[PDB]
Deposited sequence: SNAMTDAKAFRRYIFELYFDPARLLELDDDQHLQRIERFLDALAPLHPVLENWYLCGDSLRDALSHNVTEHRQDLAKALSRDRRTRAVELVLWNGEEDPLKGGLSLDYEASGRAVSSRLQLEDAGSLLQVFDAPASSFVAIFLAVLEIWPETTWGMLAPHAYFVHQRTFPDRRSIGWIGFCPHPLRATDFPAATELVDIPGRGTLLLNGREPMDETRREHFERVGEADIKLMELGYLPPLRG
């Protein structure tokens, strides 16, 4: 009995719809998202621009100074896509260190939000299932363009996912469709999000037919998206 250290935590957005937003809109959404993260745990209360020296990396607190967000974008944006990277000021993954990577390009691959390495949160959260669900809830409310979400152990996704050419719902995930409890295992909890879809909690924290059976059902329903 030992928890998985590395977790993947990614949410995907409809490329066409997300691309409609201008820079101010993206910045506003990230601002709202950081605000939604703040009450969930102390390590999520402060976000900073990355930097060389430790002094440089902790000088620009975007949760205190909103105008700094535009500096993240201005520095991180690519020549063909909105992009921003933030860190929470904690170096060690064992103490809740976390980085945020947001990209909006008009292509599925670069229209997403990732928290890395989410396994760091899983150990600082005193009640992780609900706290992670709260993060999904925040993304869904801020980005109606969300098309998929997955929280899963890295090792599971890479070496055990049922479908090689498909995404996975993971331990906790988002599927943009209503789902019926009768189609899923007893260990699965379905949380209905009207006007969005469903959040699935597949059994207890992976320490996995629980996730596999859910992916299988999603694939049979035609709801499990391709990787490409």
Legend entry - Deposited residues without C-alpha coordinates, grouped into stretches that follow sequence order: 1-6, 214-220, 242
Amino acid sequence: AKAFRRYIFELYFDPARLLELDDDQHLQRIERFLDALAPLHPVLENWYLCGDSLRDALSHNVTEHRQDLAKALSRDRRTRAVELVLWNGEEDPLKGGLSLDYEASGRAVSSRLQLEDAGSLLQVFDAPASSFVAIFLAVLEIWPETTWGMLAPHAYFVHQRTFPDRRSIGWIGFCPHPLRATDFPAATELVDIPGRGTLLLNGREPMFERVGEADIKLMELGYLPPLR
From here on, numbers count along this sequence of modelled residues.
Legend entry - 156-164 versus 63-71 - greater average Cα B-factor per the deposited record: 63-71
Inset, instruction - Quick one: say whether 85-93 or 146-154 has the higher mean Cα B-factor in the deposited entry. - result: 85-93
Inset, instruction - Specify which of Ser99, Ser111, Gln123, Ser130 carries the largest Cα B factor in the deposited PDB entry. - result: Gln123
Legend entry - Candidate set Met207, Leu218, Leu11, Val211 [ranked by C-alpha B-factor, highest]: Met207
Legend entry - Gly170 CA temperature factor, ranked by third within the chain: lowest
Legend entry - Chain-wide C-alpha B factor ranking for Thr198, given as lowest, middle or highest third: lowest
Legend entry - Ranked C-alpha temperature factor of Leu37 among modelled chain residues, by third: lowest
Legend entry - Modelled-residue ranking by C-alpha temperature factor, third containing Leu44: lowest
Legend entry - Ranked against its chain, the third holding the CA B-factor of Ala1: highest
